[PDB]
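Below: one structure, written as structure tokens.
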Amino acid sequence: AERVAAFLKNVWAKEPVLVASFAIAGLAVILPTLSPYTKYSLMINXXXXXXXXXXXXXXXXXXXXXXXXXXXXXXXXXXX
Amino acid sequence: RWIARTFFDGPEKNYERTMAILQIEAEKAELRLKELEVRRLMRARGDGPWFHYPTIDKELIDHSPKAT
């Protein structure tokens, strides 16, 4: 190594707080794209209804039923 | 007669010609007067696609909100 081994141990000796400024902020950018866990957070965020629900008048339609518990609609059940 | 050849156009030219220049001139004058007549109407009333001011929007939102 020409600068990988040379210009790393010098940074630990001369101001090692600057190592933390690039590494922790670096992991803040790279890790969100790599991890297959960000998909779950988007699912519940859209599922949480802040506004009141709206009923649509159905004329021959699928995947829609009554307000009572039935196998219809989205209704996220990701890890209970 | 020698001056008439290779130095003169002739009486046939500029009689058949010039009238051709007048024919383009008549088209150039009448349409410019029509352009002054069209712009006098199109600016006063918004009827045609000339001097038309831009509108706000064609389509913005139509979806169901949480309104009262």
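Going by how many other beta carbons lie within 10 Å of each one, how would you line up A:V17, B:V38, fewest first?
Lowest to highest Cβ neighbour count: A:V17, B:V38.
Any idea what % of Cα-Cα pairs in chain A are farther than 17 Å?
71 percent
Mind listing the phi-derived Karplus ³J(HN,Hα) values for region B:8-17, rounded to whole Hz, using 6.51, -1.76 and 1.60 with θ = phi - 60°, and x for any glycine or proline?
In residue order, the calculated couplings are 10, 7, x, x, 5, 6, 6, 10, 6, 7 Hz.
Between A:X78 and A:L42, 0.36 nm times their residue separation minus their Cα-Cα distance comes to what?
Gain in length upon complete extension: 11.8 nm.
Return the tail of the calculated pair distribution for the protein assembly as shown, meaning the percent of Cα-Cα pairs more than 23 Å apart.
Result: 78 percent of Cα pairs exceed 23 Å.
Cross-link partners among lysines for B:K66, C-alpha distance below 21 Å, same-chain residues fewer than 8 apart left out?
Leaving aside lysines fewer than 8 places away in the same chain, none come within reach of B:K66.
All Cβ positions, even for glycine, are placed from backbone atoms using ideal geometry, and neighbour counts span all protein chains on display. Throughout, read-outs are computed from the coordinates displayed, never taken from laboratory work.
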